[PDB]
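Observations on the three-dimensional arrangement
As a plain string of letters, each chain reads:
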Amino acid sequence: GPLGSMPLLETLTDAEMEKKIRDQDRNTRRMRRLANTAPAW
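Residues numbered from 1 in each chain as written, not as in the entry; some residues may be left out. Heavy atoms only, no water.

Header annotation of the entry names solution NMR as the structure determination method.

1. Describing unusual backbone geometry
Trans peptide bonds make up the majority, and among non-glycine residues the majority have a negative phi. What counts is decided by this rule: To qualify as a helix, a DSSP run of H or I must reach at least 4 residues; to qualify as a strand, a run of E must reach at least 2; elements of each kind are numbered from the N terminus.
Phi is positive for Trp 41, close to 55°, though the residue is something other than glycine. You can see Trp 41 is positioned in the segment after α1 (14–33).

2. So, α1
For the record, the criterion: To estimate the expected span of a helix, subtract one from its residue number and multiply by 1.5 Å. Side-chain atoms alone can form a polar contact between residues adjacent in sequence; in general such a contact is a pair of N or O atoms within 3.5 Å, and within protein one must be able to donate a hydrogen while the other accepts it.
Here α1 is 20 residues long and its end C-alpha atoms lie 27 Å apart, about the 28 Å a rise of 1.5 Å per residue gives. The backbone nitrogen of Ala 15 has a side-chain oxygen 3.4 Å away, supplied by the residue at the start of α1, namely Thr 13.

3. Describing the pattern of salt bridges
Filter applied, for reference: When a carboxyl oxygen of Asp or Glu is within 4 Å of a side-chain nitrogen of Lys or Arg, the pair counts as a salt bridge. Under the scheme applied here, a residue whose accessible area is under 20% of the maximum for its type counts as buried, over 50% as exposed, and between as partly exposed, the area being computed with a 1.4 Å probe on protein chains only.
Tallying each qualifying case throughout the model produces one salt bridge. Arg 22 serves as the salt-bridge partner of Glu 18, at 2.6 Å between the closest nitrogen and oxygen. Of this pair, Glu 18 and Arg 22 both sit in helix α1, four residues apart, roughly one helical turn. Residue classification places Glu 18 among the partly exposed positions, given a relative accessible area of 35%.

4. Considering the environment of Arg 26
Mapped onto the elements, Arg 26 comes out in helix α1. Of the residues examined, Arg 26 reaches a relative accessible area of 61% and is grouped as exposed. Along the chain, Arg 26 and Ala 15 lie 11 residues apart, while their C-alpha atoms are 16 Å from each other.

Structure below.
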């Protein structure tokens, strides 16, 4: 049921995938707007 050590045979669904993606997107985006200074052009 719950989660554990980054497995590699626990086929998930669109909810789990979107959950991790959305979570990582909010965390990265949040830390990005407050942690990212890559200039160019």
